[PDB]
Amino acid sequence: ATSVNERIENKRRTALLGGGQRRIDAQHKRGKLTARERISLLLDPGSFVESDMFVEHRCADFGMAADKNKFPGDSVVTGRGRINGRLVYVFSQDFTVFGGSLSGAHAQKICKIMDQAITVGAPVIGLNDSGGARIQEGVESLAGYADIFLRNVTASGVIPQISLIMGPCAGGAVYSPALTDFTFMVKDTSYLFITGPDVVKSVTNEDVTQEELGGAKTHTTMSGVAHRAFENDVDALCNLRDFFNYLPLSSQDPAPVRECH
Amino acid sequence: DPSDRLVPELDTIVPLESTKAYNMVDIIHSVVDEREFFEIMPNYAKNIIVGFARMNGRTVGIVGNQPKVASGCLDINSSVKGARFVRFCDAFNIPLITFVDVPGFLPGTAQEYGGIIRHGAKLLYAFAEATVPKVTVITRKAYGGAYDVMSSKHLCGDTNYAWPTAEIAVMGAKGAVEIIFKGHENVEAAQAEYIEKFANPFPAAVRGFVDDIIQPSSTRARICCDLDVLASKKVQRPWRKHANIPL
Amino acid sequence: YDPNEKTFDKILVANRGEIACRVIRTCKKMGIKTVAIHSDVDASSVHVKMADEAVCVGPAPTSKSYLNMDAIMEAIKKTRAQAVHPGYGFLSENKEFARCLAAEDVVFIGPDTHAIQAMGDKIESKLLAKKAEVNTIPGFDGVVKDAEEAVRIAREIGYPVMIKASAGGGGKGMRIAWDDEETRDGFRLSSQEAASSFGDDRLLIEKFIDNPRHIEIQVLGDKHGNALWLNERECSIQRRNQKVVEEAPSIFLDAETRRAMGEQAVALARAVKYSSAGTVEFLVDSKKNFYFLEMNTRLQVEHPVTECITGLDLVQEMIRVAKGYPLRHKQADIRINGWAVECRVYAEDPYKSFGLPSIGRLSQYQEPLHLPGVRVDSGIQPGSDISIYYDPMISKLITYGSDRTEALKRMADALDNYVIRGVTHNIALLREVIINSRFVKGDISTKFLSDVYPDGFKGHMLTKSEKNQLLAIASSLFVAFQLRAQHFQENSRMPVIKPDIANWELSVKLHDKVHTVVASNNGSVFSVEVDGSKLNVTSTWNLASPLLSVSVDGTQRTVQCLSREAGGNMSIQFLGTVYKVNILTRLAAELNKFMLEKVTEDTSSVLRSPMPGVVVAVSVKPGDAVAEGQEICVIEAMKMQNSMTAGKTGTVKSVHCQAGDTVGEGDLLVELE
Ligand SMILES: CCC(=O)SCCNC(=O)CCNC(=O)[C@H](O)C(C)(C)COP(=O)(O)OP(=O)(O)OC[C@H]1O[C@@H](n2cnc3c(N)ncnc32)[C@H](O)[C@@H]1OP(=O)(O)O
Ligand SMILES: Nc1ncnc2c1ncn2[C@@H]1O[C@H](COP(=O)(O)OP(=O)(O)OP(=O)(O)O)[C@@H](O)[C@H]1O
Ligand SMILES: *C(=O)CCCC[C@@H]1SC[C@@H]2NC(=O)N[C@@H]21
Ligand SMILES: [Mg+2]
């Protein structure tokens with residue numbers, strides 16, 4: 001008798017639930033879906049193939065070596081799927097696990113799918129919901145950001161890259177969306193700012209709320225960072241499919257042609 | 001001008017206190033040949049310095065942070081000023097030398113409303129896109145995404161050096177301590193440990209993020225040697241008509 | 001330098017700068033462990049790193065770093081050093097420091113407390129000197145209390161009257177009164193700042209010596225009642241009553257007068273019972289009459305110049321005497337060997353009041369050790385900074401030779417080969433002093449700079465031949481730079497063809513004159529025709545070295561190129577003085593006549609704070625007569641404090657911003673016009 005079979009099932013059940021049912025409910029009370037629900041809505045039914053499901057973060061400082069601080073998948077869901085029969089690579093950041101903050105494994109998974117996409121010649125769609133870099137992780141959080149930035153710059157003009165900010169993105173998590181070709185936001189739940197309002201008050205001594213500092217309205221009416229804003233997550237993802245139907249699948253391909261009436 | 005000329009005057013130029021500033025132009029003048037420096041945009045966006053100098057008789061483009069102005073914080077104007085110079089130097093086969101002392105990006109409502117994200121992405125793009133040899137020296141500070149946008153080892157940089165006064169961290173000690181320990185009520189000992197362990201160039205050295213921790217006297221010599229070797233650097237990138245700058 | 005004899009195991013050097021380096025060097029050469037003290041600022045000074053052990057003592061200011069006595073006591077407590085050496089200044093002339101150190105276990109290199117107290121006040125000093133049957137300056141015994149008494153005394157003590165302040169130093173509380181009204185109002189004013197300066201409130205009215213020569217006698221004593229006089233020294237070229245250039249032997253004094261002065265000094269030392277190194281200062285008129293005036297109960301700053309003519313290490317003798325051994329040399333062992341001259345290099349601008357202290361950081365610093373007969377005493381290295389908390393001393397440059405002319409020539413050569421970049425020094429004034437006709441002849445006095453430069457130091461007035469040589473060198477350097485600009489590496493795609501220009505016709509603007517120069521190159525030799533005068537300049541033309549040696553018509557010269565611009569401006573240090581020239585090509589010179597000369601508004605008044613943070617402090621106040629290049633209202637930041645400076649020159653109009661001002665990316669600040 002071997003228990004190496006129930007270990008896989010336990011890790012799978014932990015991976016689907018992410019940061020626990022309580023955090024799923026807290027996410028739901030904010031009017032937000034989870035990463036896997038977003039991926040299911042975006043892609044064609046029964047076409048998502050996940051990669052790096054069991055990946056675990058290798059930090060061992062500040063008491064993160066404990067079992068309670070270990071989440072398989074580690075705050076990002078990556079894979080490939082089909083939109084109307086056309087291949088695409090996708091990652092969605094899970095806000096429940098450590099606030100979606102990027103770590104070594106988070107960046108590792110993102111870089112893996114980006115490398116596959118540039119190898120085969122398919123676009124990348126990134127649903128961003130992340131609190132920045134993992135402070136306890138250390139400098140390799142900066143290393144992971146820099147790897148993601150380098151792959152964003154290398155792939156620019158080779159494959160299309162779409163960004164959709166689904167929640168509050170802060171710190172260094174704002175440069176990868178800026179380096180991609182297009183950027184969309186969701187009203188009333190998505191934010192984009194390098195520095196939070198508290199630090200701004202400490203420094204600039206100006207009382208500014210998060211919505212009016214980095215909200216979708218600010219970035220779509222007076223900043224020039226985002227390209228469009230959508231009412232909620234479902235509407236945003238439907239519009240994302242509609243928009244993806246336009247683009248060529250790679251720079252080696254001609255502009256798509258559809259049947260015309 | 002011999003390539004192995006020592007510059008001992010740089011051994012104490014960076015003050016011990018993190019609150020006092022220095023002039024990066026003194027470092028630039030000491031390092032380069034004959035202390036000759038042609039500055040570009042000398043009166044605009046003064047918290048960054050860009051210019052043309054010569055190392056061992058070879059033209060080099062120099063970009064650095066100026067701690068005198070805005071404590072070296074990056075903003076919109078400095079980002080664009082550095083980005084275009086870096087792109088020109090890359091396009092015409094000119095090596096780049098960077099001096100890093102940056103606490104981060106300038107905060108405020110005006111910076112966000114003006115689109116600081118786009119222009120910071122411009123500078124990060126320009127540094128990541130370069131295929132000419134790149135040398136980087138960190139003098140005092142490299143915090144946050146700023147450290148990543150100043151030609152880090154991870155943007156396919158060639159040689160990265162840190163002076164003994166350098167320090168690489170995710171963010172400042174205060175914010176890191178208060179966010180790691182939400183409810184410890186022992187901020188004193190926690191901050192002491194954090195500044196003892198992570199306020200020094202060793203965390204980046206043990207992971208290999210810097211080639212070496214060099215003495216400030218050898219800087220010029222070191223750089224010259226690198227520029228002798230990287231003169232034949234060739235890299236290959238995927239084909240494309242052109243790229244999509246974050247402009 | 002025999003290490004067999006037992007000597008103090010550890011000495012704490014309670015000083016800083018060049019003297020600390022000197023004593024550390026002479027201790028290391030004698031095989032003794034050394035411990036140095038320093039403030040927080042001088043944590044990377046030369047003496048700290050050169051010493052075996054270092055102790056931080058306090059903050060930047062001298063009142064809490066080197067004048068903090070209890071800090072020295074605790075430092076000596078942990079370091080458990082056997083002895084302490086104070087150098088000069090600081091705590092070298094404090095009775096209570098010596099008493100408290102000698103109390104527990106610490107031996108002091110220097111004089112005893114009673115000797116310092118005896119020769120610490122001018123009243124007792126003069127009284128004992130009169131008791132010591134030596135010549136004294138004429139005057140009235142005691143201190144005058146009222147102006148009427150002073151003017152009454154002035155009648156019988158000579159019409160020229162001088163007022164001096166008791167105790168103190170640095171030439172403070174001193175001046176000259178000529179009339180009875182001058183006598184009384186000068187006495188009243190001197191009494192007015194007597195409390196402010198030192199608090200002794202004791203003044204001296206007496207005769208003023210006209211045309212005086214300040215002559216020093218180096219005396220050395222021990223605890224066995226033996227005293228020697230180590231020849232004499234001449235310290236007459238002074239400004240602000242402070243010596244700058246001084247000479248080991250004095251041409252004025254012959255053998256007999258020197259012997260008389262030495263015997264008088266030895267007798268005075270025996271009367272005071274001196275048991276260490278010291279110096280006795282006399283004033284000598286033109287009639288070879290010497291009057292005693294003060295003696296220093298410590299090591300003298302200009303001590304090294306008298307070591308070269310004698311070959312004795314004064315600090316070694318001080319250490320051995322403090323150990324207890326008697327002098328190993330008799331009076332017959334003291335002799336004059338050659339000649340020696342030395343100058344003080346300060347960080348001051350000699351164009352303002354013969355020197356005004358200046359601050360900065362040394363970007364470049366090189367001393368001329370390789371030259372023959374040159375010694376340098378300095379605690380300064382590249383990267384050092386001249387602060388406002390200490391003496392602006394940079395170096396002491398000593399030269400020695402077989403006679404006066406050789407020493408002066410070697411000193412001029414050393415001054416020409418000495419590289420300082422980062423601050424402003426007084427080397428121009430020093431090199432003018434050492435080549436003056438009066439100084440070479442020797443007709444000098446304490447009023448040398450007052451009458452040699454009645455209008456102040458104006459620089460170096462260069463003759464026609466020197467002007468031609470300077471113009472030729474500048475033109476040759478310009479052409480050499482232009483020629484070096486043409487040497488690329490081979491391209492093999494677009495070959496480079498060098499221009500075939502044979503003669504360079506240049507217009508050189510110097511001072512307020514324009515000269516026409518024709519320069520031709522023949523490899524390493526330039527033929528330069530300046531206004532019809534032909535000169536031949538040859539050199540290796542190394543354009544990167546700070547020092548450039550050239551030969552103009554066989555005359556060897558050393559010049560430096562401090563600045564150079566593409567617009568033709570160039571600053572060249574020639575013969576120790578910096579000249580600004582503007583070299584243009586002939587066609588460019590012709591075209592320049594159409595350029596309209598533009599006026600400068602010079603009303604920078606809107607200089608802003610960099611960050612959108614808050615203010616932390618206000619450095620200045622409205623109307624403080626501050627012009628430019630100094631802190632006005634410092635700013636605080638996320639980390640770095642912004643050293644906000646001024647705008648245009650003048651007197652600050654107003655400062656309105658207060659600490660903690662919430663600013664939106666910048667701040668209206670100091671206003672000038
Ligand atoms: C590379 C540059 C950097 O290092 S930037 C680092 C600073 N980033 C920040 O977001 C500031 C701190 N975070 C916040 O203020 C907010 O949580 C943000 C993320 C902005 C969104 O607000 P909100 O929707 O209310 O989230 P929340 O308060 O409920 O916090 C939930 C949990 O998420 C975590 N989290 C977030 N970011 C990080 C991070 N970089 N490193 C470590 N943990 C992070 C928080 O610790 C928080 O924990 P908890 O579950 O409330 O106990
Ligand atoms: N009675 C005097 N008559 C003329 N000149 C004098 C007289 N006393 C002092 N001086 C001038 O002042 C110089 C030194 O003056 P003084 O002794 O007051 O200064 P000090 O600061 O006490 O010096 P020291 O370093 O010797 O203690 C002399 O070298 C001389 O130039
Ligand atoms: C000094 O600046 C302490 C470091 C804080 C960094 C601040 S806050 C977050 C922003 N991101 C960045 O890179 N700089 C800004
Ligand atoms: Mg005196």
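Residues numbered from 1 in each chain as written, not as in the entry; some residues may be left out. Chains lettered and ligands numbered in written order. Heavy atoms only, no water.

Here's the deal with the overall build of chain C
Keep this limit in mind: Each helix is a run of DSSP H or I of at least 4 residues and each strand a run of E of at least 2, with the numbering of both proceeding from the N terminus. For the radius of gyration, the atoms used are the C-alpha atoms, and the globule rule reads 2.2 Å times the number of residues raised to 0.38. Each residue is placed in one exposure class: buried if its accessible area under a 1.4 Å probe, protein chains only, is under 20% of its type's maximum, exposed if it is over 50%, and partly exposed if it falls in between. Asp and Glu are treated as the negative residues and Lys and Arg as the positive ones, with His and the ends of the chain left uncounted. A charge is said to be at NZ when it belongs to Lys, at CZ for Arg, at CG for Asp and at CD for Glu.
Check the secondary structure of chain C and you find 18 helices and 28 strands. The C-alpha atoms of chain C give 29 Å as radius of gyration, which agrees with the globular expectation for 673 residues (26 Å, within 12%). Taking the principal axes of its C-alpha atoms as reference, chain C extends roughly 90 × 65 × 60 Å. In chain C, buried positions account for 52% of the 673 residues. A gap of 3 Å separates the mean positions of the 80 positive and 87 negative side-chain charges of chain C.

Describing the overall build of chain A
Basically, it comes down to this: Residues count as neighbours in contact if any of their non-hydrogen atoms are within 4.5 Å of one another. For the accessible areas, the method is Shrake-Rupley and the probe is 1.4 Å, while residue cover comes only from the protein chains on display.
Per the secondary structure count, chain A includes ten helices and nine strands. Along the longest, intermediate and shortest principal axes, the C-alpha atoms of chain A span 60 × 60 × 35 Å. The buried share among the 261 residues of chain A stands at 56%. Here the contacts in chain A between residues at least 6 apart in sequence split such that 69% fall between residues at least 24 apart. Total accessible area computed for chain A in this model is approximately 11,400 Å², and 51% of it derives from carbon and sulfur atoms.

Quick notes on the sheet that holds strand β5 (residues 161-165) of chain A
All names here are of chain A. Spelled out, the test is: Strands were regarded as paired on the criterion that DSSP finds at least two bridges between them. In this description, a line fitted to the C-alpha atoms serves as the axis of each element, helices being fitted only across the stretch in contact, and the angle between N-to-C directions of two axes falls anywhere from 0 to 180 degrees.
Pairing within the open sheet is mixed, and its seven strands lie in the order β1-β2-β3-β4-β5-β7-β9. Pairing within the sheet leaves two strands with one partner each, and these edge strands are β1 (49-51) and β9 (228-230). In this sheet, neighbouring strand axes are inclined to one another by 25° on average, regardless of whether the strands run parallel or antiparallel.

Considering the site of ligand 2
All names here are of chain C. The following threshold applies: Note on terminology: near, applied to a residue and a molecule or strand, indicates that one of the residue's heavy atoms is within 4 Å of it. Polar contacts here mean pairs of N or O atoms no more than 3.5 Å apart (in protein, one a potential hydrogen donor and the other a potential acceptor; neighbouring residues in sequence count only if both atoms are side-chain atoms). Ten residues, namely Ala, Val, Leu, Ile, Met, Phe, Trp, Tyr, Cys and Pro, are considered nonpolar, four, namely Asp, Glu, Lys and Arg, are considered charged, and the remaining ones, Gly among them, are considered polar.
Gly 170, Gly 171, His 214, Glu 281 and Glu 294 are the nearest of the 16 residues found near ligand 2. In the model, an oxygen atom of ligand 2 is placed 3.0 Å from a nitrogen or oxygen of the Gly 171 main chain. Starting from 630 Å² of accessible surface for ligand 2 in isolation, the protein chains cover 89%. Ranked by residues supplied to the shell around ligand 2, first place goes to strand β13 (residues 290-296) with three residues. When its residues are assigned to classes, the shell around ligand 2 shows six nonpolar, seven polar and three charged.

With respect to the UniProt feature "binding site: Mn(2+) 1" in chain C
All names here are of chain C. Under the convention used in this document: UniProt positions are given in the numbering used here, feature names are shortened, and annotations may be inferred rather than shown by experiment.
Those places that UniProt annotates as "binding site: Mn(2+) 1" correspond, in this numbering, to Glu 281 and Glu 294. Here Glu 281 shows up in strand β12 (residues 277-284). With residues near it in sequence (within four places) discarded, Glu 281 still touches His 214, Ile 215, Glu 216, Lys 243, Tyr 291, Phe 292, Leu 293, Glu 294, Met 295, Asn 296 and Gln 300. There is a polar contact of 2.9 Å between the side chain of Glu 281 and the side chain of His 214. As for its position among the elements, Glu 294 is in strand β13. When its relative accessible area of 42% is taken as the criterion, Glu 294 is described as partly exposed. Discounting chain neighbours no more than four positions away, the residues touching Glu 294 are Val 280 and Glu 281.

Focus on the domain arrangement of chain C
Threshold: Each domain's extent is set by a domain assignment, obtained either automatically or from a database.
According to the domain assignment, chain C contains domain 1 (4-136), domain 2 (137-208), domain 3 (209-446), domain 4 (447-595) and domain 5 (596-673). The straight-line distance from the C-alpha centre of domain 4 of chain C to that of domain 5 of chain C is 40 Å.

Considering the pattern of salt bridges
Residues and elements named next belong to chain C. The criterion, for reference: Criterion for a salt bridge: a side-chain nitrogen of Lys or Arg within 4 Å of a carboxyl oxygen of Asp or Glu.
Tallying each qualifying case throughout the model produces 56 salt bridges over all chains. A salt bridge links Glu 18 to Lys 396; the shortest N-O distance between them is 3.0 Å. In this pair, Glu 18 is assigned in helix α1 (residues 18-28) and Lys 396 in strand β19 (residues 393-401), connecting sequence segments 378 residues apart. The two residues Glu 18 and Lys 396 agree in class, both being buried. For the salt bridge of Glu 234 with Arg 213, the shortest nitrogen-to-oxygen distance reads 2.6 Å. Separated by 21 residues along the polypeptide, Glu 234 in strand β10 (residues 227-239) and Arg 213 in strand β9 (residues 213-221) bring together distant segments of the chain. Each member of the pair, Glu 234 as well as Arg 213, is classed as buried. Where salt bridges share partners, they join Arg 22, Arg 25, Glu 307, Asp 313, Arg 375 and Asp 377 into one cluster.

Quick notes on the site of ligand 3
Lining the immediate surroundings of ligand 3 are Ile 194 and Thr 195 of chain A, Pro 103, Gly 104, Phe 105, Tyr 143, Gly 145, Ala 146 and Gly 172 of chain B together with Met 638 and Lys 639 of chain C. One chain alone does not account for the residues near ligand 3; they come from chains A, B and C. In the environment of ligand 3, an oxygen atom lies 2.9 Å from a nitrogen or oxygen atom belonging to the backbone of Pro 103 of chain B. A distance of 3.3 Å separates a nitrogen atom of ligand 3 from a polar backbone atom of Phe 105 of chain B. Taken by itself ligand 3 offers 390 Å² of open surface, and the protein chains cover 82% of this. Classifying every residue of the shell around ligand 3 gives six nonpolar, four polar and one charged.

Topic: the side chain of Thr 219 of chain B
Considering the arrangement of structural elements, one finds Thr 219 of chain B in helix α9 (residues 219-229). Residues within four places of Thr 219 of chain B in sequence aside, it is in contact with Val 31, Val 137, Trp 163 and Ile 214 of chain B.

Thoughts on the packing of aromatic side chains
Quick note on the threshold: Between 30 and 60 degrees the pair is tilted, below 30 it is stacked and above 60 it is edge-to-face, where a pair is any two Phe, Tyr or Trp rings, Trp via its six-membered ring, whose centres lie within 6.5 Å. Should the NZ of a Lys or the CZ of an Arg lie within 6 Å of a ring centre and within 35 degrees of the ring normal, that charge is described as sitting over the ring.
Following the criterion strictly, the structure yields 24 aromatic pairs over all chains and no others. When the centroid spacing of 4.9 Å and the interplanar angle of 55° are considered together, the rings of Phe 52 of chain B and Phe 85 of chain B count as tilted. One end of the pair, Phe 52 of chain B, is in strand β2 (residues 48-55); the other, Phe 85 of chain B, is in helix α2 (residues 76-91), and 33 residues separate them in sequence. When its relative accessible area of 21% is taken as the criterion, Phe 52 of chain B is described as partly exposed. According to the relative accessible area criterion, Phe 85 of chain B is buried, its value standing at 7%. Between the aromatic rings of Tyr 66 of chain C and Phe 90 of chain C, the centroid separation amounts to 5.2 Å while the plane-to-plane angle is 15°, which identifies the pairing as stacked. Taken as a pair, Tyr 66 of chain C in the loop between α3 (62-65) and α4 (69-79) and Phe 90 of chain C in the loop between β4 (83-85) and α5 (95-104) lie far apart in primary sequence, 24 residues in all. An aromatic cluster of three or more residues is present, and its members are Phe 62 of chain A together with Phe 181, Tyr 194 and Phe 198 of chain B. Positioned above the aromatic ring of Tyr 346 of chain C, the side-chain terminus of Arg 239 of chain C is 5.5 Å from the ring centre. Here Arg 564 of chain C stacks its cationic end above the ring of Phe 481 of chain C, 4.2 Å away from the centre of that ring.

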